[PDB]
2 protein chains.
Amino acid sequence: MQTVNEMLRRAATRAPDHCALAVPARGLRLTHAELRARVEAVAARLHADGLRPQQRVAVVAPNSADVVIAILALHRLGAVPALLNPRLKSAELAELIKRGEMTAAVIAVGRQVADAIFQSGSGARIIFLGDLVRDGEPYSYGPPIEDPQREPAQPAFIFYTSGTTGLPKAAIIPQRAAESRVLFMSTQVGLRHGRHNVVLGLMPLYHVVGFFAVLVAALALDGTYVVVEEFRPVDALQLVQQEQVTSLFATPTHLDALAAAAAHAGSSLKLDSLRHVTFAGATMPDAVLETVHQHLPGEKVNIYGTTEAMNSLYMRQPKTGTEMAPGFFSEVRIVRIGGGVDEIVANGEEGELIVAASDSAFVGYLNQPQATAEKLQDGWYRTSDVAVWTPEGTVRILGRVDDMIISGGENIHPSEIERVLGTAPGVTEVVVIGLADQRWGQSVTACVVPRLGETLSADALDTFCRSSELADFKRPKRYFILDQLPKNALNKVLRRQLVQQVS
Amino acid sequence: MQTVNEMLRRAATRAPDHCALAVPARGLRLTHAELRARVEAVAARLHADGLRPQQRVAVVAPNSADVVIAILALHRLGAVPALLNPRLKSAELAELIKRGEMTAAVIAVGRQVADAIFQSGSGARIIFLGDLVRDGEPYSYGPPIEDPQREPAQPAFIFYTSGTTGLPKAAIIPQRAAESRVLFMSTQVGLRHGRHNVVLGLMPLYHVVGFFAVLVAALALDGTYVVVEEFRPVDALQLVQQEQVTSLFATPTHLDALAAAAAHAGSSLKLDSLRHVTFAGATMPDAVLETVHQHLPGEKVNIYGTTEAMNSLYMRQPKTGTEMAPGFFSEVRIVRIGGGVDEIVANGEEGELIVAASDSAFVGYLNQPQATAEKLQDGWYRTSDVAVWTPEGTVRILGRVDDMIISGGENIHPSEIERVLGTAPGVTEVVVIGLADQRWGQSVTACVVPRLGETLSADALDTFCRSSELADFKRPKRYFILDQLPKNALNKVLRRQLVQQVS
Ligand SMILES: CC(C)(COP(=O)(O)OP(=O)(O)OC[C@H]1O[C@@H](n2cnc3c(N)ncnc32)[C@H](O)[C@@H]1OP(=O)(O)O)[C@@H](O)C(=O)NCCC(=O)NCCSCC(=O)c1ccc(Cl)cc1
Ligand SMILES: CC(C)(COP(=O)(O)OP(=O)(O)OC[C@H]1O[C@@H](n2cnc3c(N)ncnc32)[C@H](O)[C@@H]1OP(=O)(O)O)[C@@H](O)C(=O)NCCC(=O)NCCSCC(=O)c1ccc(Cl)cc1
Ligand SMILES: Nc1ncnc2c1ncn2[C@@H]1O[C@H](COP(=O)(O)O)[C@@H](O)[C@H]1O
Ligand SMILES: Nc1ncnc2c1ncn2[C@@H]1O[C@H](COP(=O)(O)O)[C@@H](O)[C@H]1O
Ligand SMILES: [Mg+2]
Ligand SMILES: [Mg+2]
């Protein structure tokens, strides 16, 4: 195999004096050799402090040059980074770190989260990111350290994704998965090796796209990763021009915002260096696809994928957002919903898209054998995406098998929000749905029934969500206060019908 | 890993009814699904006849759809194909088959070779290719067979390479090597996944370029492989036009011939479909490069590589034939000649190019661990090429460490020809050199001295070479008959003086 460490090590031997990390706002630039030196220094320090290979270490930080260094240093040592969304609140972060039996937690989020981890009794050593590396500069002691033995099936990285109930699942990415999780960017997207590559780091590092397909791929191809700490679409387009960005890979949400900024820049706008605009994370709305086609340059590529199996379908110069086909690495099937992996659907019958679990695939969810058995069956990964084969022989993605909402490319299950809002004073029933939204894809929407003879307020419900343990980004954008909810003859709420009722 | 069998199997699930193999002159076309069926049928038949996984099977045939089916059927069964140049004569072939402990030999080269194999006592079962499959149509019997378990380090394919002495060595290519031996065509050459790929099969299947980088790459990317049975430059260019070929990978020898044909044909040929013109196998002479740039369309890419480690250096749109830099997968060093793998020379000093032995690398020469130890040392493969780092930070390929001649992308050692000509009646002393030649790169040249007072003739010596055990393509293109070789008091040839005298 070629591990992340190996890809980046080899890249640094080929292009030592070429810029690896650019942070234009902070005036920081690091060559491949400089980055390597810093990764080594941070690895040596962690090792001197006692950290061992195969130990799990949480990483909870927004995108920055410092977190890039920390993640790669953990991997260099042989520790398994468990990347966590820094927008999550203290109790959720502490409980995930506890259940993960992690050895340390590198955080940039800082004091209340740190206390939560301590009080949880996990025993994870809390490390402030700024105490490890600051503005690219490590605090190091200790000799150079050995290379850990990495084995193909062995845990390498952990990424989290939402289940239909409970806390997010910890997807274990094996060492062997790294190469294909990078190289689809060559085979599908058409990136090629070279120092010409200038990649805009829009996507979060704590998800597989922002990590493997953006950061690792940029450096592994001997190019430059441009760090973006906060998404501002006007500033982003200015970076494209300023850094001469050649490729950008983002959500339909990002691209709706970018294409709008592009249009608003007027008839003089030129973004000549940009050769690739790639999208993933959610269904690309047709309206967004039109603005992207009309206002941004480069080849447009739709990339369908999952945390668990990475890229499974794609489309170059798509005419619609729903239609894609398997590329290199990939084998796919559409099977009867609820049926076995061999129960392939007829002609144009709808079913669940399932994808072969090969090199790119996760090896299970940490400490969740039941959740794993539901998703990994007879060599296949079950996407929970509804799909159909077209007369053209392509795959049309139609929606979810489950009730998962996808907003800003983030999976949010309605139960997360229903659990919280169900305890808000005055609420007698709550059902949460996703409404079609050009910007967000699906907009989190609460349908709430007040106690008889009482009223409810969208402002008060929103306040309650914000003070709750629920991540702020997940809270409802809109509330519908209703006297009743549509129900079947078994008193279950007709969720899909309700979507049509309030849309 | 992703084995050859998996790449091709997955391709066939994605593009079943797309053309995989085209032989336009025979009117033979086979879809990916049709090819897989013929591969399965041949594999089943071979298993019925007693062939088993990891048994070695020689393949001795020129390029054809039938040998493609046979090689892939052997692999599908789990046998190890050992690909041999069909231009080698019967004694060399039989002895290589014997030395390899081959179970069987699939031959399209006739009864004399069959008899030599039989009489050698090797016990290798002789199989006529045309008795297995002919014009794409298999003779099918036997029940379905299992797809055997394949392991990363397990022998997958054997390819032959010449040493400084003795018979060619059998380089064992492991299962794990297939993927990077294909994917460098994406990262370096810029081929991408898709049915748009129409690849012209110029390169011999019995070397690693023609097999991995041409045949397997074409099919694995869901494209079409256009079979070429016999190279004729005008006919090849007509295939580019007729089949709308998008990529062609060949030697500088091929390209010299093609560029001349294209120059002559001018506007009567429409070559604009051709998007990639790639070269490897020998130093690209600057005069060939110039005419290639002038007369052939598409992006020009020089690929440096070896049987043992595949691609190690490249250059897009090269200005010279000798300067290249490492691409994806590759890590290189230049070390003191005769020194250890850690004895890196100072930039600007000449030394041996060595390349990291990673996933792509062979695992050793069959039954020759001494020869293996000379070439595979502490995780590095030693190329026997002399090289230097340029002030521009690139690698400049110079000569050989070992006197190897490279003619038409074929390695030939002078000793092979010298040992044969030393027995020709009338010959007393012989030195064989390779003279610079635009078409062949190096032209095999024999400097010969007659017995006292006798005469030699180029015609008689040529006749002797042709009737000898030496492969015909290796025989001298030119003879210099001399009264005496220039030699010192030690009776040793003043090589520089000789080359000067005949150049
Ligand atoms: C679009 C982003 C940047 C948010 O926009 P922005 O930066 O303007 O937000 P902000 O931080 O300034 O706050 C502005 C207000 O918006 C709210 N917000 C934030 N995120 C979301 C969201 N996801 N949904 C709904 N609301 C959101 C946020 O709460 C704030 O309002 P406030 O709290 O009232 O201040 C953010 O949602 C994002 O980075 N999304 C990308 C997530 C991602 O990386 N997804 C892919 C993960 S792997 C998945 C996958 O499917 C896949 C696909 C292909 C392959 Cl090959 C492999 C895997
Ligand atoms: C250029 C070829 C096609 C020969 O041309 P052509 O087809 O016109 O010859 P032909 O069979 O019609 O007979 C015409 C007369 O030329 C004579 N000939 C044949 N081959 C050669 C040769 N290599 N050197 C000198 N003379 C040659 C042949 O004997 C015939 O005269 P005759 O015997 O009088 O009929 C042939 O030499 C060839 O196919 N060469 C390609 C060799 C090759 O595949 N090399 C790469 C192997 S792997 C090596 C490697 O370096 C690498 C590189 C990159 C990577 Cl990534 C991995 C590995
Ligand atoms: N290009 C795309 N088109 C449609 N849906 C997508 C695309 N990329 C990702 N998704 C959705 O996002 C889910 C993956 O998110 P996660 O479960 O966090 O890995 C997939 O199962 C799809 O529902
Ligand atoms: N692009 C190239 N430029 C110069 N020499 C090459 C190139 N490709 C292959 N070679 C030569 O061919 C040899 C590989 O042949 P082999 O190891 O027998 O497959 C190398 O050691 C080089 O001498
Ligand atoms: Mg913002
Ligand atoms: Mg011929």
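Chain identifiers are assigned alphabetically (A, B, ...) following the order of the sequence lines, protein sequences preceding nucleic acid strands; residue numbering begins at 1 within each chain.
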Under the salt bridge (charged side-chain N to carboxylate O under 4.0 Å, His left out) rule, what do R14(A) and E331(B) come out as? Steps first, then yes or no, please. CA-CA 7 Å; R14(A) 295 188 300 256; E331(B) 183 193 356; over 6 Å; no
Take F329(B) and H193(A) through the test ring-ring contact (aromatic ring centres under 6.0 Å, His included) and record every step on the way to the result. CA-CA 10 Å; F329(B) 303 117; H193(A) 171 270; 9.8 Å; no
Report the C-alpha distance between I397(B) and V386(B) in whole Å, list the side-chain angles of each, state the deciding distance to 0.1 Å, and finish with yes or no for side chain to side chain contact (heavy atoms under 4.5 Å, CB included). CA-CA 6 Å; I397(B) 299 302; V386(B) 182; over 6 Å; no
CA sep, side-chain torsions, deciding dist, call: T283(B), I406(B), side chain to side chain contact (heavy atoms under 4.5 Å, CB included): CA-CA 9 Å; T283(B) 288; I406(B) 311 181; over 6 Å; no
Show, in sequence, the C-alpha distance, side-chain angles and deciding distance for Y304(B) and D385(B), and conclude whether the side-chain hydrogen bond (donor to acceptor under 3.5 Å, both in side chains) test is met. CA-CA 11 Å; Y304(B) 168 96; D385(B) 288 305; 2.5 Å; yes
What do the steps show when you test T3(B) against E6(B) for side-chain hydrogen bond (donor to acceptor under 3.5 Å, both in side chains), and what is the final call? CA-CA 5 Å; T3(B) 58; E6(B) 272 305 295; 5.3 Å; no
Derivation and outcome, side-chain hydrogen bond (donor to acceptor under 3.5 Å, both in side chains), residues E410(B) and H207(B): CA-CA 10 Å; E410(B) 289 282 355; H207(B) 300 308; 2.8 Å; yes
Yes or no on side chain to side chain contact (heavy atoms under 4.5 Å, CB included) for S247(B) and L200(B), after CA distance, side-chain angles and deciding distance? CA-CA 7 Å; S247(B) 65; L200(B) 186 65; over 6 Å; no
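A centroid separation of less than 6.0 Å is found between the aromatic rings of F211(B) and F157(B).
Between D437(B) and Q442(B), the side chains place no donor N or O within less than 3.5 Å of an acceptor N or O (distance only, hydrogens not considered). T291(B) and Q294(B) form no side-chain donor-acceptor contact under 3.5 Å, judged by distance and modelled atom types alone. The closest side-chain donor-acceptor pair between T278(B) and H276(B), if any, does not fall under 3.5 angstrom.
The local environment of CD in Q242(B) is crowded, with over 12 non-hydrogen atoms from other residues, nucleotides or ligands closer than 6.0 Å. Shown here is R232(B), whose CZ atom has more than 12 heavy atoms of other residues, nucleotides or ligands within 6.0 Å. Annotation for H264(B): atom NE2 does not count as buried by contact number, only 12 or fewer foreign heavy atoms lying within 6.0 Å. The local environment of CD in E229(B) is crowded, with over 12 non-hydrogen atoms from other residues, nucleotides or ligands closer than 6.0 Å.
Of the possible polar contacts, none joining the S468(B) side chain to the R466(B) backbone as a donor-acceptor pair under 3.5 Å is found. The closest donor-acceptor contact from the side chain of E416(B) to the backbone of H413(B) lies under 3.5 Å. The closest donor-acceptor contact from the side chain of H75(B) to the backbone of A156(B) lies at 3.5 Å or more, if one exists at all. Distance alone, capped at 3.5 Å, places no donor-acceptor pair between the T394(B) side chain and the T390(B) backbone. Side-chain atoms of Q244(B) do not come within 3.5 Å of backbone N or O of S273(B) as any donor-acceptor pair. Using modelled atom types, no side-chain atom of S90(B) and backbone atom of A116(B) make a donor-acceptor pair closer than 3.5 Å. Judged purely by atom type and a 3.5 angstrom limit, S360(B) has no side-chain atom pairing as donor or acceptor with the backbone of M310(B).
Considering OG of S186(B) and CG of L191(A), their distance stands at 11.5 Å, rounded to 0.5 Å. Distance check: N302(B) CG to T322(B) OG1 gives 9.0 Å after rounding to the nearest 0.5 Å. Rounding to the nearest 0.5 Å places CG of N311(B) at 12.0 Å from CG of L183(B). Put simply, CG on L289(B) and CG on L255(B) are 10.0 Å apart, with the number rounded to the nearest 0.5 Å. Summarising the geometry, atom CG belonging to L219(B) is positioned 6.5 Å from atom CG belonging to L21(B); distances are rounded to the nearest 0.5 Å. One distance of note links OH of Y381(B) with OG of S312(B); it measures 9.5 Å at 0.5 Å rounding.
A salt bridge does not link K89(B) to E469(B): none of the charged nitrogens lies less than 4.0 Å from a carboxylate oxygen. Between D222(A) and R195(A) no salt bridge is recorded (no basic side-chain N to carboxylate O distance below 4.0 Å). Using a cutoff of 4.0 Å between basic side-chain nitrogens and carboxylate oxygens, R400(B) and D402(B) are scored as salt-bridged. A salt bridge is defined here as a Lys NZ or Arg NE, NH1 or NH2 lying under 4.0 Å from an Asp or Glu carboxylate O, and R36(B) with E34(B) fails to meet this definition. Using a 4.0 Å cut-off between charged side-chain N and carboxylate O, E299(B) and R316(B) make a salt bridge. In summary, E137(B) and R134(B) do not engage in a salt bridge, as defined by a charged side-chain N under 4.0 Å from a carboxylate O. A salt bridge links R29(B) and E243(B); the closest N-O separation between the charged side-chain nitrogens and carboxylate oxygens is under 4.0 Å. Note on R87(B) versus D472(B): no salt bridge recorded, every NZ/NE/NH1/NH2 to OD/OE distance being 4.0 Å or above. A salt bridge does not link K375(B) to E308(B): none of the charged nitrogens lies less than 4.0 Å from a carboxylate oxygen.
In this structure, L88(B) and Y160(B) have side chains that are not in contact, with every pair of non-hydrogen atoms separated by 4.5 Å or more. Side-chain contact check for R56(B) versus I158(B): some heavy-atom pair is nearer than 4.5 Å. Side-chain atoms of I71(B) and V68(B), non-hydrogen and from C-beta on, never get closer than 4.5 Å to each other. Looking only at side-chain heavy atoms (C-beta outward), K474(B) and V444(B) stay at 4.5 Å or farther from each other. Between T445(B) and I405(B), the closest side-chain pair of non-hydrogen atoms is not below 4.5 Å. Residues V60(B) and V106(B) form no side-chain contact, since every pair of their non-hydrogen atoms from C-beta on lies 4.5 Å or further apart. The closest side-chain heavy-atom distance from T383(B) to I354(B) is not below 4.5 Å. Using a 4.5 Å heavy-atom cutoff, the side chains of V80(B) and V57(B) are not in contact.
Nearest approach of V301(B) to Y314(B), heavy atoms of both residues: CG1-CD1, 4.0 Å. Closest approach of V432(B) to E418(B), counting heavy atoms only: N-OE2, 2.8 Å. The heavy-atom pair separating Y206(B) from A61(B) by the smallest distance is CD2-O, 4.3 Å. In plain terms, the two heavy atoms of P62(B) and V67(B) that are nearest each other are O-CG1, 3.7 Å. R192(B) and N197(B) make their closest contact through O-ND2, 2.8 Å (heavy atoms, listed as atom of the first residue, atom of the second, distance). Between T251(B) and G408(B) the shortest heavy-atom distance is CG2-O, 4.0 Å.
A tilted orientation is assigned to the rings of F212(B) and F159(B), their planes being inclined by 30° to 60°.
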